[PDB]
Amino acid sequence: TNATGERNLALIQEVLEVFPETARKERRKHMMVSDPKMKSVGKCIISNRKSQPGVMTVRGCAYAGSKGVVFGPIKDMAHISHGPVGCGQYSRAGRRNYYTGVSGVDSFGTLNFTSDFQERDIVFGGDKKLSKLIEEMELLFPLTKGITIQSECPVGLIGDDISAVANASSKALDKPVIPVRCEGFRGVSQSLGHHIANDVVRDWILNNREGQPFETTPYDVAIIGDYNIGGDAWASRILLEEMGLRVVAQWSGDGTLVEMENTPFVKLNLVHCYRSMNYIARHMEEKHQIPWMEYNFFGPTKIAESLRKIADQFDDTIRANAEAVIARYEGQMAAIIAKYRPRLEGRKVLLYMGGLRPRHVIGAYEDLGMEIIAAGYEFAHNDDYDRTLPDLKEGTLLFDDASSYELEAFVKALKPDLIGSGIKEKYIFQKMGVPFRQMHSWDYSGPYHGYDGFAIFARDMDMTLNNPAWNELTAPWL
């Protein structure tokens, strides 16, 4: 490796010295330094394994991955947090998966529905309560298109059968009632909740309109795996429509049960978050012969590449449209770069997020002349680390499921100029004097996808990196 790689391998050995031997040996296989000639990680790193007990992992659970990430955003369905009261309260309106609608009336994403388990529900079981709950929900919320039941830890442990309840209630209501066995003890992170949710969508939603008429167009697509954080999916959809495509469905930011049911009628599936929804994209290719491709709408280099590749799946008319869209926004892009690149170039960034963004936002940073010196994921799999390798400079630190201890030690040694990570990391690193941007919630800003999003991204990285308060951490008399 190069001098940077050597310095990072020596940092890995020093950071892991504190760990008891059993953990130390395990944790060593979750970090590496990148090689630009490598196309696959192979046995160079392992991921999607249990977390080490007691280390302050950043990860969540399978209920977060199913309720919080995949189903929670669908606006026209009521999602029941089934179990005790905690899980639904902590996850109520924490994720900015934007939608439009009339809250509590035709759209339900900011309400927290729950069966608030009490001790008698644990002793006697919750299925009778769940059935009665759904009756009461249909009375008070008549305009739901369908209902989901997101299981929390106790449900499977006490032996409840929510599938029998879902079948009985769906017949009585005459609407889809979808049971999900996403208890938080299953799997090792948010990831298994994604996969559970894709399999539930496959069996309980996606075949509901089979053999029904649907008026198609040659240029019908679906956005697969964009949860509209801060309006990200709207800022992407506008470009696809400007290029001449019809976006029939968006999964699942601002999404509906109806759009998801019409998705087997499209011509092409456009996957943005590979981690969370590659499973259903591969299923639709096998079963419905719909091709699918990965794309990236962060910053102008990736957006131009994606628009051209998407258009190349169609005909010369959409290929011409892709060029016209890029030329229409070229002025806007060159003005953003000319204003903000000079304020940001040469600065070094450390990134730590879930399953996509740690590699996906690198091109936007490079478009503003910034350099990524370390990138890690909470719950990514080895096919995601494979996908990260082309976008890393030689010797970069690439890591998986870091503890708080490890991220703090990496930051103290690497001295990034800027960190992008989550809410449990933000206030630690600001007190250490490092400019920090939340790269899950966008620090209450965004969108960051698309051309309109790149301007906001650039404004925000400049705002925080160059803020005057960063020169005041040390009192002037010290």
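Numbers follow the displayed sequence, beginning with 1.
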property	result
Higher-B stretch (mean Cα B-factor, as the entry records it), 58-66 or 408-416	408-416
Of 93-101 and 159-167, the one with larger mean CA B-factor	159-167
Top Cα B factor in the deposited entry, candidates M137, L143, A374, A324	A324
Largest Cα B-factor, entry values, listed residues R237, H82, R275, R328	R328
Modelled-residue ranking by C-alpha temperature factor, third containing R181	middle
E14 by Cα B-factor - lowest, middle or highest third of the modelled chain	highest
Third of chain Cα B-factors occupied by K43	highest
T464 by Cα B-factor - lowest, middle or highest third of the modelled chain	lowest
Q289 - Cα temperature factor, lowest/middle/highest third of chain	highest
